[PDB]
>>> print(open('structure-v4.cif').read())   # mmCIF, C-alpha atoms
data_model
#
loop_
_atom_site.label_atom_id
_atom_site.label_comp_id
_atom_site.auth_asym_id
_atom_site.auth_seq_id
_atom_site.Cartn_x
_atom_site.Cartn_y
_atom_site.Cartn_z
CA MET A 1 144.80 90.89 70.00
CA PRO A 2 141.02 90.27 69.68
CA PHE A 3 141.28 88.51 73.07
CA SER A 4 144.67 89.34 74.59
CA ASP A 5 144.47 93.10 74.04
CA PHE A 6 140.78 93.45 74.93
CA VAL A 7 141.04 91.47 78.18
CA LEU A 8 143.96 93.54 79.48
CA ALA A 9 142.63 96.87 78.19
CA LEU A 10 139.26 96.44 79.92
CA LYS A 11 141.11 95.86 83.21
CA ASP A 12 142.07 99.56 83.14
CA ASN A 13 138.67 100.89 82.03
CA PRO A 14 136.84 102.64 84.90
CA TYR A 15 133.52 102.36 83.07
CA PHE A 16 133.97 98.61 82.54
CA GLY A 17 134.90 98.13 86.18
CA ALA A 18 131.89 100.11 87.36
CA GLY A 19 129.61 98.11 85.08
CA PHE A 20 131.04 94.82 86.33
CA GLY A 21 130.57 95.96 89.92
CA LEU A 22 126.97 96.97 89.25
CA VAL A 23 126.26 93.61 87.59
CA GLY A 24 127.77 91.81 90.57
CA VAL A 25 125.70 93.91 92.97
CA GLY A 26 122.53 93.10 91.04
CA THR A 27 123.35 89.39 91.01
CA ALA A 28 124.02 89.48 94.76
CA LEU A 29 120.70 91.26 95.31
CA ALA A 30 118.84 88.65 93.26
CA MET A 31 120.51 85.85 95.22
CA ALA A 32 119.58 87.64 98.45
CA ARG A 33 115.95 87.89 97.34
CA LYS A 34 115.87 84.19 96.45
CA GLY A 35 117.43 83.29 99.79
CA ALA A 36 114.91 85.47 101.62
CA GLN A 37 112.05 83.72 99.82
CA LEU A 38 113.53 80.32 100.70
CA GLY A 39 113.95 81.35 104.33
CA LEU A 40 110.37 82.59 104.53
CA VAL A 41 109.16 79.31 103.01
CA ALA A 42 111.19 77.28 105.51
CA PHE A 43 109.96 79.41 108.42
CA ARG A 44 106.36 78.94 107.27
CA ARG A 45 106.90 75.20 106.95
CA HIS A 46 108.57 74.72 110.34
CA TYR A 47 106.98 77.32 112.64
CA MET A 48 103.42 77.86 111.39
CA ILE A 49 100.16 75.91 111.33
CA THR A 50 97.69 76.19 108.46
CA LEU A 51 94.22 74.84 107.69
CA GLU A 52 92.86 75.31 104.16
CA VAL A 53 89.15 74.70 103.60
CA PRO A 54 87.79 74.83 100.02
CA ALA A 55 84.32 76.12 99.27
CA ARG A 56 83.31 72.65 98.06
CA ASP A 57 83.67 71.23 101.57
CA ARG A 58 80.73 71.84 103.89
CA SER A 59 82.98 73.11 106.69
CA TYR A 60 83.36 76.39 104.79
CA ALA A 61 79.93 77.73 105.76
CA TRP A 62 80.20 76.36 109.30
CA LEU A 63 83.59 78.00 109.85
CA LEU A 64 82.35 81.30 108.42
CA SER A 65 79.30 81.28 110.70
CA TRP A 66 81.49 80.44 113.69
CA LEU A 67 83.78 83.33 112.75
CA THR A 68 80.91 85.80 112.41
CA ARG A 69 79.64 84.69 115.82
CA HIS A 70 82.98 84.72 117.66
CA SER A 71 84.03 88.10 116.23
CA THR A 72 80.86 90.14 116.67
CA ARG A 73 82.51 93.46 115.72
CA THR A 74 83.86 92.67 112.26
CA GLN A 75 84.21 95.95 110.36
CA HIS A 76 84.57 94.10 107.04
CA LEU A 77 81.83 91.62 106.20
CA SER A 78 79.55 90.37 103.44
CA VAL A 79 75.85 89.50 103.41
CA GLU A 80 74.04 86.26 102.58
CA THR A 81 70.28 86.49 102.10
CA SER A 82 68.00 83.49 102.63
CA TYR A 83 64.89 84.16 100.53
CA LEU A 84 62.10 81.62 100.18
CA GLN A 85 58.68 82.31 98.65
CA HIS A 86 56.41 79.64 100.10
CA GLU A 87 53.19 78.63 98.38
CA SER A 88 50.22 81.00 98.82
CA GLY A 89 52.63 83.92 98.37
CA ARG A 90 54.38 83.76 101.74
CA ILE A 91 57.84 85.34 101.58
CA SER A 92 60.47 84.51 104.21
CA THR A 93 63.65 86.59 104.35
CA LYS A 94 66.63 86.61 106.70
CA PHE A 95 70.02 88.30 106.50
CA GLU A 96 73.03 86.20 107.49
CA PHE A 97 76.22 88.24 107.73
CA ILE A 98 79.51 86.63 106.71
CA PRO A 99 83.14 87.73 106.80
CA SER A 100 84.19 89.59 103.67
CA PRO A 101 86.99 88.39 101.37
CA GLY A 102 90.43 89.53 102.47
CA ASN A 103 92.38 89.24 105.70
CA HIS A 104 90.85 89.03 109.17
CA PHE A 105 92.41 88.58 112.60
CA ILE A 106 90.78 86.80 115.53
CA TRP A 107 91.79 85.90 119.08
CA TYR A 108 91.24 82.25 120.04
CA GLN A 109 92.75 80.73 123.20
CA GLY A 110 95.95 82.75 123.66
CA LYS A 111 96.88 82.80 119.98
CA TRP A 112 96.37 85.34 117.20
CA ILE A 113 94.90 83.49 114.22
CA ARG A 114 95.00 85.02 110.74
CA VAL A 115 91.94 84.18 108.65
CA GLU A 116 92.22 84.49 104.86
CA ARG A 117 89.04 84.25 102.78
CA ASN A 118 90.31 84.38 99.20
CA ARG A 119 88.17 84.38 96.05
CA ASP A 120 90.30 83.46 93.05
CA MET A 121 88.94 85.71 90.29
CA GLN A 122 90.19 83.44 87.49
CA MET A 123 87.83 80.48 87.00
CA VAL A 124 84.25 79.60 87.93
CA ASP A 125 83.28 76.44 89.80
CA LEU A 126 81.32 74.16 87.48
CA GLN A 127 79.26 72.48 90.23
CA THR A 128 78.01 75.76 91.73
CA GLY A 129 78.51 78.44 89.10
CA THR A 130 80.41 80.60 91.62
CA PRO A 131 84.08 81.61 91.64
CA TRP A 132 86.44 79.34 93.55
CA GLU A 133 86.61 80.44 97.19
CA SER A 134 88.51 79.12 100.20
CA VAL A 135 89.29 80.02 103.81
CA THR A 136 92.74 79.62 105.37
CA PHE A 137 93.62 79.76 109.07
CA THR A 138 97.22 80.67 109.93
CA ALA A 139 98.83 80.83 113.37
CA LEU A 140 102.19 80.66 115.11
CA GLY A 141 103.20 77.41 116.78
CA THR A 142 103.36 73.69 116.12
CA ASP A 143 100.09 72.47 117.70
CA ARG A 144 97.13 71.49 115.52
CA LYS A 145 94.68 71.17 118.43
CA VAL A 146 93.46 74.76 118.00
CA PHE A 147 92.11 74.12 114.51
CA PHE A 148 90.57 70.83 115.62
CA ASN A 149 88.73 72.59 118.44
CA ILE A 150 87.59 75.37 116.11
CA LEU A 151 86.24 72.86 113.59
CA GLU A 152 84.47 70.91 116.34
CA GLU A 153 82.86 74.08 117.68
CA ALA A 154 81.75 75.10 114.19
CA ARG A 155 80.25 71.66 113.54
CA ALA A 156 78.42 71.69 116.87
CA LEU A 157 77.04 75.17 116.15
CA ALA A 158 75.92 74.12 112.68
CA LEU A 159 74.16 70.98 113.92
CA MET B 1 135.32 105.77 55.75
CA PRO B 2 131.78 104.71 56.81
CA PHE B 3 133.31 101.31 57.67
CA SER B 4 137.11 101.68 57.67
CA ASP B 5 137.23 104.80 59.86
CA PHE B 6 134.46 103.73 62.24
CA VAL B 7 135.89 100.25 62.88
CA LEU B 8 139.35 101.59 63.75
CA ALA B 9 138.08 104.61 65.69
CA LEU B 10 135.87 102.50 67.96
CA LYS B 11 138.92 100.37 68.83
CA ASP B 12 140.27 103.38 70.76
CA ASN B 13 136.97 104.37 72.41
CA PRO B 14 136.96 103.48 76.14
CA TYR B 15 133.16 103.74 76.27
CA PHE B 16 132.76 101.37 73.31
CA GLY B 17 135.19 98.90 74.87
CA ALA B 18 133.39 99.02 78.21
CA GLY B 19 130.05 98.48 76.48
CA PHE B 20 131.40 95.54 74.50
CA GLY B 21 132.81 94.02 77.68
CA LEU B 22 129.50 94.45 79.50
CA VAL B 23 127.63 92.84 76.60
CA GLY B 24 130.05 89.93 76.63
CA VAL B 25 129.66 89.56 80.39
CA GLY B 26 125.88 89.51 80.05
CA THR B 27 126.04 86.92 77.27
CA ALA B 28 128.37 84.76 79.37
CA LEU B 29 125.98 85.06 82.32
CA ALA B 30 123.02 84.01 80.17
CA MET B 31 124.98 81.03 78.84
CA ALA B 32 125.92 80.13 82.42
CA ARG B 33 122.27 80.27 83.48
CA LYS B 34 121.25 78.05 80.56
CA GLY B 35 124.02 75.59 81.38
CA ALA B 36 122.98 75.54 85.04
CA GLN B 37 119.40 74.77 84.03
CA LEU B 38 120.59 71.99 81.72
CA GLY B 39 122.80 70.55 84.47
CA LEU B 40 119.93 70.61 86.96
CA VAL B 41 117.69 68.87 84.43
CA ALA B 42 120.33 66.19 83.78
CA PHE B 43 120.90 65.69 87.52
CA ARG B 44 117.16 65.32 88.07
CA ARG B 45 116.94 62.83 85.21
CA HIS B 46 119.89 60.69 86.28
CA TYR B 47 119.94 60.84 90.09
CA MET B 48 116.33 61.29 91.22
CA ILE B 49 113.17 59.20 91.34
CA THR B 50 109.72 60.70 90.82
CA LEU B 51 106.13 59.46 90.98
CA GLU B 52 103.39 61.75 89.68
CA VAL B 53 99.78 60.87 90.56
CA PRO B 54 96.97 62.95 89.00
CA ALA B 55 93.77 63.67 90.89
CA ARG B 56 91.82 61.63 88.33
CA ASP B 57 93.55 58.42 89.44
CA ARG B 58 92.14 56.80 92.57
CA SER B 59 95.58 56.46 94.15
CA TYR B 60 95.51 60.19 94.93
CA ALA B 61 93.16 59.86 97.90
CA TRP B 62 94.84 56.66 99.10
CA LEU B 63 98.29 58.25 99.03
CA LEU B 64 97.03 61.36 100.81
CA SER B 65 95.41 59.27 103.55
CA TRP B 66 98.58 57.21 103.92
CA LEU B 67 100.58 60.44 104.20
CA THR B 68 98.27 61.90 106.84
CA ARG B 69 98.57 58.66 108.81
CA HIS B 70 102.35 58.22 108.51
CA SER B 71 103.10 61.87 109.35
CA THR B 72 100.83 62.45 112.34
CA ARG B 73 102.31 65.87 113.17
CA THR B 74 101.78 67.76 109.91
CA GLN B 75 101.69 71.47 110.70
CA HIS B 76 100.20 72.26 107.27
CA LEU B 77 97.05 70.36 106.34
CA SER B 78 93.60 70.69 104.81
CA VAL B 79 90.23 69.30 105.84
CA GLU B 80 87.79 67.02 104.02
CA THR B 81 84.30 66.71 105.51
CA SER B 82 82.12 63.66 104.90
CA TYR B 83 78.53 64.84 105.38
CA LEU B 84 75.55 62.58 104.73
CA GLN B 85 71.95 63.34 105.73
CA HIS B 86 70.25 59.96 105.90
CA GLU B 87 66.49 59.62 105.57
CA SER B 88 64.44 60.50 108.68
CA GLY B 89 66.77 63.47 109.24
CA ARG B 90 69.84 61.59 110.47
CA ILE B 91 73.02 63.59 109.88
CA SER B 92 76.41 61.86 109.83
CA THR B 93 79.56 63.99 109.88
CA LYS B 94 83.25 63.14 110.05
CA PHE B 95 86.38 65.23 109.55
CA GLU B 96 89.16 63.67 107.48
CA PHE B 97 92.36 65.70 107.55
CA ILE B 98 94.53 65.83 104.44
CA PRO B 99 97.91 67.35 103.62
CA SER B 100 97.65 70.94 102.42
CA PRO B 101 98.87 72.07 98.99
CA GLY B 102 102.55 72.94 98.90
CA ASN B 103 105.71 71.10 99.87
CA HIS B 104 105.94 68.44 102.57
CA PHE B 105 108.82 66.26 103.74
CA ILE B 106 108.48 62.73 105.12
CA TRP B 107 110.88 60.04 106.31
CA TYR B 108 110.31 56.59 104.79
CA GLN B 109 112.86 53.77 105.11
CA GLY B 110 116.18 55.66 105.31
CA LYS B 111 115.30 58.22 102.64
CA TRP B 112 113.94 61.76 102.78
CA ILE B 113 111.01 61.94 100.36
CA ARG B 114 109.71 65.31 99.14
CA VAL B 115 105.94 65.36 98.63
CA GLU B 116 104.48 68.04 96.34
CA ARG B 117 100.70 68.51 96.28
CA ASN B 118 100.19 71.13 93.57
CA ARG B 119 96.85 72.67 92.55
CA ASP B 120 97.20 74.32 89.15
CA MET B 121 95.06 77.46 89.48
CA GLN B 122 94.54 77.79 85.72
CA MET B 123 91.81 75.39 84.53
CA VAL B 124 88.97 73.40 86.10
CA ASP B 125 88.53 69.67 85.64
CA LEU B 126 85.41 69.01 83.58
CA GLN B 127 84.64 65.59 85.10
CA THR B 128 84.71 66.84 88.71
CA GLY B 129 84.33 70.60 88.59
CA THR B 130 87.47 71.03 90.73
CA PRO B 131 90.84 72.54 89.79
CA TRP B 132 93.45 70.12 88.48
CA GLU B 133 95.44 68.69 91.39
CA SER B 134 98.30 66.19 91.58
CA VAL B 135 100.78 64.75 94.07
CA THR B 136 104.46 64.18 93.28
CA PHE B 137 106.96 62.15 95.29
CA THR B 138 110.64 63.02 94.85
CA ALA B 139 113.66 61.31 96.39
CA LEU B 140 117.38 60.79 95.89
CA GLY B 141 118.57 57.52 94.39
CA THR B 142 117.85 55.18 91.49
CA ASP B 143 115.54 52.59 93.12
CA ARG B 144 111.80 52.62 92.42
CA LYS B 145 110.95 50.04 95.10
CA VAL B 146 110.21 52.73 97.69
CA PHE B 147 107.33 54.19 95.69
CA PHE B 148 106.02 50.70 94.92
CA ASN B 149 105.97 49.85 98.63
CA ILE B 150 104.29 53.16 99.47
CA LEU B 151 101.58 52.59 96.87
CA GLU B 152 101.02 49.03 98.09
CA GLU B 153 100.70 50.23 101.69
CA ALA B 154 98.26 52.96 100.66
CA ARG B 155 96.15 50.49 98.68
CA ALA B 156 96.09 48.03 101.58
CA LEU B 157 95.06 50.79 103.98
CA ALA B 158 92.31 51.97 101.63
CA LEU B 159 90.90 48.47 101.13
#
>>> encode(input="structure-v4.cif", output="structure tokens")
Amino acid sequence: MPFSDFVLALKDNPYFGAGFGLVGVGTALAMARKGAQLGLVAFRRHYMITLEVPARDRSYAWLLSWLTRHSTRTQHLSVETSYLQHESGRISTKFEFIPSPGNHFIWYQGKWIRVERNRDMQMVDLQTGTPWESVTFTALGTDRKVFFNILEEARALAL
Amino acid sequence: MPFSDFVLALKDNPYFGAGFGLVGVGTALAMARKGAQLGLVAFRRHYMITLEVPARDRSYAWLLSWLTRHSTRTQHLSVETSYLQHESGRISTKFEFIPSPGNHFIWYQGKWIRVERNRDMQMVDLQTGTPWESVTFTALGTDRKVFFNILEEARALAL
């Protein structure tokens, strides 16, 4: 009766049935969420192109300058000041404007490219003393030539 | 009656029975989840082959270059720039493209190998100043010769 009676009695308990149904619904929802995450990951892997550039690499500044030139009207941006006090008290200053951290959208060729400048606010880079930053380019398609052309243009502009 | 009456009275309480059944169902689900995790661990231990290469080891760069050569059409990738300003103002630049962090799939011999380049965003390596990175190769089977051949090919390509 600890097992035989309880198993059969709970079969006629509306509260127990409702609880079991709710638990099943929650489990199905969790499985659906996991499947949605897996599907998004697969879609990103098989139908998107990405280029991740860390701040350590020198292409970071070149790409940012190319972005700030190509997209003249960027509502969100940051500022980089070049200050140099030469001997004899000669001060040289110049404001270079750079895309701000966050999400930006540009139009290159006939593709909409999503630019992500993220600044991980967790550690500090030991070789620079600045937080770890990176820039990521995301686009729809399976051709990597767009990023190659963008990098080549940025390098040519920098040089 | 604090114990005798309460024990017998709760035996005829539909709400108490439903609650006990729900608690038992939850406990069974937790045991099932733990057993599933244990089974996955055992399956990984007894039917998979893995090779973990930390960023500190020199085989990391060789394996990444071998990957970027073998899989020419990698939609997801990162960039490594070799910049050297020689004396007399001579600037040498070259873009080396490397697989991006995440999951990648390659086809070597007749096996599908899962490549995992993970960048643990928690600490920073003291000897480099970069976050701790590693590459992991996973495949189905019990033969380690595939990874040995891959490492040998990467070393030969590097040298």
>>> interface_residues(input="structure-v4.cif", of="chain A", to="chain B", cutoff="6 Å", atoms="only C-alpha atoms", output="PyMOL selection string")
chain A and resi 15-16+49-53+126-127
>>> calpha_fit_and_write(input="structure-v4.cif", fixed="chain B", moving="chain A", output="JSON list (two decimals) with C-alpha atoms, keeping the file's coordinate frame")
[["chain", "number", "residue", "atom", "x", "y", "z"],
["A", 1, "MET", "CA", 135.32, 105.76, 55.76],
["A", 2, "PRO", "CA", 131.78, 104.71, 56.81],
["A", 3, "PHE", "CA", 133.31, 101.31, 57.67],
["A", 4, "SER", "CA", 137.10, 101.68, 57.67],
["A", 5, "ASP", "CA", 137.22, 104.79, 59.85],
["A", 6, "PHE", "CA", 134.46, 103.73, 62.25],
["A", 7, "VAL", "CA", 135.89, 100.25, 62.88],
["A", 8, "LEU", "CA", 139.35, 101.59, 63.75],
["A", 9, "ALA", "CA", 138.08, 104.61, 65.69],
["A", 10, "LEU", "CA", 135.87, 102.50, 67.96],
["A", 11, "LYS", "CA", 138.92, 100.37, 68.83],
["A", 12, "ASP", "CA", 140.27, 103.38, 70.76],
["A", 13, "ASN", "CA", 136.97, 104.37, 72.42],
["A", 14, "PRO", "CA", 136.95, 103.49, 76.14],
["A", 15, "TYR", "CA", 133.16, 103.74, 76.27],
["A", 16, "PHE", "CA", 132.77, 101.37, 73.31],
["A", 17, "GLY", "CA", 135.19, 98.91, 74.87],
["A", 18, "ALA", "CA", 133.39, 99.01, 78.20],
["A", 19, "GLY", "CA", 130.05, 98.48, 76.48],
["A", 20, "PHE", "CA", 131.40, 95.53, 74.50],
["A", 21, "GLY", "CA", 132.81, 94.02, 77.69],
["A", 22, "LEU", "CA", 129.50, 94.45, 79.50],
["A", 23, "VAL", "CA", 127.62, 92.84, 76.60],
["A", 24, "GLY", "CA", 130.06, 89.93, 76.63],
["A", 25, "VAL", "CA", 129.66, 89.55, 80.39],
["A", 26, "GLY", "CA", 125.88, 89.50, 80.05],
["A", 27, "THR", "CA", 126.04, 86.92, 77.27],
["A", 28, "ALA", "CA", 128.37, 84.76, 79.37],
["A", 29, "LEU", "CA", 125.98, 85.05, 82.32],
["A", 30, "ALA", "CA", 123.02, 84.01, 80.16],
["A", 31, "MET", "CA", 124.98, 81.03, 78.84],
["A", 32, "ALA", "CA", 125.92, 80.14, 82.42],
["A", 33, "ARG", "CA", 122.27, 80.27, 83.48],
["A", 34, "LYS", "CA", 121.25, 78.05, 80.56],
["A", 35, "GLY", "CA", 124.02, 75.59, 81.38],
["A", 36, "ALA", "CA", 122.98, 75.54, 85.03],
["A", 37, "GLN", "CA", 119.39, 74.77, 84.03],
["A", 38, "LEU", "CA", 120.60, 71.98, 81.73],
["A", 39, "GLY", "CA", 122.79, 70.55, 84.47],
["A", 40, "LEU", "CA", 119.93, 70.61, 86.97],
["A", 41, "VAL", "CA", 117.69, 68.86, 84.42],
["A", 42, "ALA", "CA", 120.33, 66.19, 83.78],
["A", 43, "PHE", "CA", 120.91, 65.69, 87.51],
["A", 44, "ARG", "CA", 117.16, 65.32, 88.07],
["A", 45, "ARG", "CA", 116.94, 62.83, 85.21],
["A", 46, "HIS", "CA", 119.89, 60.69, 86.28],
["A", 47, "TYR", "CA", 119.94, 60.85, 90.09],
["A", 48, "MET", "CA", 116.33, 61.30, 91.22],
["A", 49, "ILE", "CA", 113.17, 59.20, 91.35],
["A", 50, "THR", "CA", 109.72, 60.71, 90.82],
["A", 51, "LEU", "CA", 106.13, 59.46, 90.98],
["A", 52, "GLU", "CA", 103.38, 61.75, 89.68],
["A", 53, "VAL", "CA", 99.79, 60.88, 90.56],
["A", 54, "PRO", "CA", 96.96, 62.95, 89.00],
["A", 55, "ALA", "CA", 93.77, 63.67, 90.89],
["A", 56, "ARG", "CA", 91.82, 61.63, 88.33],
["A", 57, "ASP", "CA", 93.55, 58.42, 89.44],
["A", 58, "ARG", "CA", 92.14, 56.81, 92.57],
["A", 59, "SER", "CA", 95.58, 56.46, 94.15],
["A", 60, "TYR", "CA", 95.52, 60.19, 94.93],
["A", 61, "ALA", "CA", 93.16, 59.86, 97.90],
["A", 62, "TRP", "CA", 94.83, 56.66, 99.10],
["A", 63, "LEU", "CA", 98.29, 58.25, 99.02],
["A", 64, "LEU", "CA", 97.03, 61.36, 100.81],
["A", 65, "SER", "CA", 95.41, 59.27, 103.55],
["A", 66, "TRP", "CA", 98.58, 57.21, 103.92],
["A", 67, "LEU", "CA", 100.57, 60.44, 104.20],
["A", 68, "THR", "CA", 98.27, 61.90, 106.85],
["A", 69, "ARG", "CA", 98.57, 58.66, 108.81],
["A", 70, "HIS", "CA", 102.34, 58.22, 108.51],
["A", 71, "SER", "CA", 103.10, 61.86, 109.35],
["A", 72, "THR", "CA", 100.82, 62.45, 112.34],
["A", 73, "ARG", "CA", 102.31, 65.88, 113.17],
["A", 74, "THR", "CA", 101.78, 67.75, 109.91],
["A", 75, "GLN", "CA", 101.69, 71.47, 110.70],
["A", 76, "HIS", "CA", 100.20, 72.26, 107.27],
["A", 77, "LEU", "CA", 97.05, 70.36, 106.34],
["A", 78, "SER", "CA", 93.60, 70.70, 104.81],
["A", 79, "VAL", "CA", 90.22, 69.29, 105.84],
["A", 80, "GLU", "CA", 87.78, 67.02, 104.02],
["A", 81, "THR", "CA", 84.31, 66.71, 105.51],
["A", 82, "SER", "CA", 82.12, 63.66, 104.90],
["A", 83, "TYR", "CA", 78.53, 64.84, 105.38],
["A", 84, "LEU", "CA", 75.55, 62.58, 104.74],
["A", 85, "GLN", "CA", 71.95, 63.35, 105.72],
["A", 86, "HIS", "CA", 70.25, 59.96, 105.89],
["A", 87, "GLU", "CA", 66.49, 59.62, 105.57],
["A", 88, "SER", "CA", 64.44, 60.50, 108.68],
["A", 89, "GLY", "CA", 66.77, 63.47, 109.24],
["A", 90, "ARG", "CA", 69.83, 61.59, 110.47],
["A", 91, "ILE", "CA", 73.01, 63.59, 109.88],
["A", 92, "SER", "CA", 76.41, 61.86, 109.83],
["A", 93, "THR", "CA", 79.56, 63.99, 109.88],
["A", 94, "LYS", "CA", 83.26, 63.14, 110.05],
["A", 95, "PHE", "CA", 86.38, 65.23, 109.54],
["A", 96, "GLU", "CA", 89.16, 63.67, 107.48],
["A", 97, "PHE", "CA", 92.36, 65.70, 107.56],
["A", 98, "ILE", "CA", 94.53, 65.83, 104.44],
["A", 99, "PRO", "CA", 97.91, 67.35, 103.62],
["A", 100, "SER", "CA", 97.65, 70.93, 102.42],
["A", 101, "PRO", "CA", 98.87, 72.07, 98.98],
["A", 102, "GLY", "CA", 102.55, 72.94, 98.90],
["A", 103, "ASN", "CA", 105.71, 71.10, 99.87],
["A", 104, "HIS", "CA", 105.94, 68.43, 102.57],
["A", 105, "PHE", "CA", 108.82, 66.26, 103.74],
["A", 106, "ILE", "CA", 108.49, 62.74, 105.12],
["A", 107, "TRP", "CA", 110.88, 60.04, 106.31],
["A", 108, "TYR", "CA", 110.31, 56.59, 104.79],
["A", 109, "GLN", "CA", 112.87, 53.77, 105.11],
["A", 110, "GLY", "CA", 116.18, 55.66, 105.31],
["A", 111, "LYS", "CA", 115.30, 58.21, 102.64],
["A", 112, "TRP", "CA", 113.94, 61.76, 102.77],
["A", 113, "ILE", "CA", 111.01, 61.95, 100.36],
["A", 114, "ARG", "CA", 109.71, 65.31, 99.14],
["A", 115, "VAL", "CA", 105.94, 65.36, 98.63],
["A", 116, "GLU", "CA", 104.48, 68.04, 96.34],
["A", 117, "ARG", "CA", 100.71, 68.51, 96.28],
["A", 118, "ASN", "CA", 100.18, 71.13, 93.58],
["A", 119, "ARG", "CA", 96.86, 72.67, 92.55],
["A", 120, "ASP", "CA", 97.20, 74.32, 89.15],
["A", 121, "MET", "CA", 95.06, 77.46, 89.48],
["A", 122, "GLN", "CA", 94.53, 77.79, 85.72],
["A", 123, "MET", "CA", 91.81, 75.40, 84.53],
["A", 124, "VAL", "CA", 88.98, 73.41, 86.10],
["A", 125, "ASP", "CA", 88.53, 69.66, 85.64],
["A", 126, "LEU", "CA", 85.41, 69.01, 83.58],
["A", 127, "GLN", "CA", 84.64, 65.59, 85.10],
["A", 128, "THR", "CA", 84.71, 66.84, 88.71],
["A", 129, "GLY", "CA", 84.33, 70.61, 88.59],
["A", 130, "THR", "CA", 87.47, 71.03, 90.73],
["A", 131, "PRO", "CA", 90.84, 72.53, 89.79],
["A", 132, "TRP", "CA", 93.45, 70.12, 88.48],
["A", 133, "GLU", "CA", 95.44, 68.68, 91.39],
["A", 134, "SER", "CA", 98.30, 66.19, 91.58],
["A", 135, "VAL", "CA", 100.78, 64.75, 94.07],
["A", 136, "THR", "CA", 104.46, 64.19, 93.28],
["A", 137, "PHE", "CA", 106.96, 62.14, 95.29],
["A", 138, "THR", "CA", 110.64, 63.03, 94.84],
["A", 139, "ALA", "CA", 113.66, 61.31, 96.39],
["A", 140, "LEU", "CA", 117.38, 60.79, 95.89],
["A", 141, "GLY", "CA", 118.56, 57.52, 94.39],
["A", 142, "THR", "CA", 117.85, 55.19, 91.50],
["A", 143, "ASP", "CA", 115.54, 52.60, 93.12],
["A", 144, "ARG", "CA", 111.80, 52.62, 92.42],
["A", 145, "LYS", "CA", 110.96, 50.04, 95.10],
["A", 146, "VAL", "CA", 110.22, 52.74, 97.69],
["A", 147, "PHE", "CA", 107.33, 54.18, 95.69],
["A", 148, "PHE", "CA", 106.01, 50.70, 94.92],
["A", 149, "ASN", "CA", 105.96, 49.85, 98.63],
["A", 150, "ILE", "CA", 104.30, 53.16, 99.47],
["A", 151, "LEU", "CA", 101.59, 52.60, 96.87],
["A", 152, "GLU", "CA", 101.02, 49.04, 98.09],
["A", 153, "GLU", "CA", 100.70, 50.23, 101.69],
["A", 154, "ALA", "CA", 98.26, 52.96, 100.66],
["A", 155, "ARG", "CA", 96.15, 50.48, 98.68],
["A", 156, "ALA", "CA", 96.09, 48.03, 101.57],
["A", 157, "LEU", "CA", 95.06, 50.79, 103.98],
["A", 158, "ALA", "CA", 92.32, 51.96, 101.63],
["A", 159, "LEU", "CA", 90.89, 48.47, 101.14]]
>>> atom_distance(input="structure-v4.cif", atom1="atom CA of residue A:47", atom2="atom CA of residue B:65")
23.3 Å
>>> atom_distance(input="structure-v4.cif", atom1="atom CA of residue B:151", atom2="atom CA of residue B:115")
13.6 Å
>>> atom_distance(input="structure-v4.cif", atom1="atom CA of residue A:1", atom2="atom CA of residue B:4")
18.1 Å
>>> resolve_selection(input="structure-v4.cif", expression="the PyMOL selection byres ((chain A and resi 118) around 9)", output="JSON, numbers by chain")
{"A": [101, 102, 103, 116, 117, 119, 120, 132, 133, 134, 135, 136]}
>>> closest_residue(input="structure-v4.cif", among="B:139, B:63, B:106, B:38", to="residue B:152", atoms="all atoms listed in the file")
B:63
>>> resolve_selection(input="structure-v4.cif", expression="the PyMOL selection byres ((chain A and resi 107) around 12)", output="MDAnalysis selection string")
chainID A and resid 67 70:72 104:106 108:115 137:139 146 150
>>> write_last_selection(input="structure-v4.cif", atoms="C-alpha atoms", output="CSV table (one decimal), in the frame of the given file")
chain,number,residue,atom,x,y,z
A,67,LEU,CA,83.8,83.3,112.8
A,70,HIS,CA,83.0,84.7,117.7
A,71,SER,CA,84.0,88.1,116.2
A,72,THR,CA,80.9,90.1,116.7
A,104,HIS,CA,90.8,89.0,109.2
A,105,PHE,CA,92.4,88.6,112.6
A,106,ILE,CA,90.8,86.8,115.5
A,108,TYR,CA,91.2,82.2,120.0
A,109,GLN,CA,92.8,80.7,123.2
A,110,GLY,CA,96.0,82.8,123.7
A,111,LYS,CA,96.9,82.8,120.0
A,112,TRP,CA,96.4,85.3,117.2
A,113,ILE,CA,94.9,83.5,114.2
A,114,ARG,CA,95.0,85.0,110.7
A,115,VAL,CA,91.9,84.2,108.6
A,137,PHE,CA,93.6,79.8,109.1
A,138,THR,CA,97.2,80.7,109.9
A,139,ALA,CA,98.8,80.8,113.4
A,146,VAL,CA,93.5,74.8,118.0
A,150,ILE,CA,87.6,75.4,116.1
>>> decode(input="structure-v4.cif", residues="stretch 59-75 of chain B", atoms="C-alpha atoms", output="short mmCIF file (atom, residue, chain, number, x, y, z; two decimals), in the first residue's frame")
data_model
loop_
_atom_site.label_atom_id
_atom_site.label_comp_id
_atom_site.auth_asym_id
_atom_site.auth_seq_id
_atom_site.Cartn_x
_atom_site.Cartn_y
_atom_site.Cartn_z
CA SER B 59 51.49 23.52 -31.42
CA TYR B 60 48.57 25.94 -31.02
CA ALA B 61 49.65 28.24 -33.85
CA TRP B 62 50.75 25.32 -36.04
CA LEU B 63 47.41 23.55 -35.63
CA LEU B 64 45.49 26.75 -36.33
CA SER B 65 47.49 27.40 -39.50
CA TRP B 66 46.97 23.80 -40.61
CA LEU B 67 43.24 24.20 -39.98
CA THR B 68 43.02 27.44 -41.95
CA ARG B 69 44.84 25.74 -44.83
CA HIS B 70 42.88 22.48 -44.83
CA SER B 71 39.49 24.22 -44.55
CA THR B 72 39.84 27.00 -47.12
CA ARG B 73 36.16 28.03 -46.93
CA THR B 74 35.78 28.82 -43.23
CA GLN B 75 32.88 31.25 -42.84
#
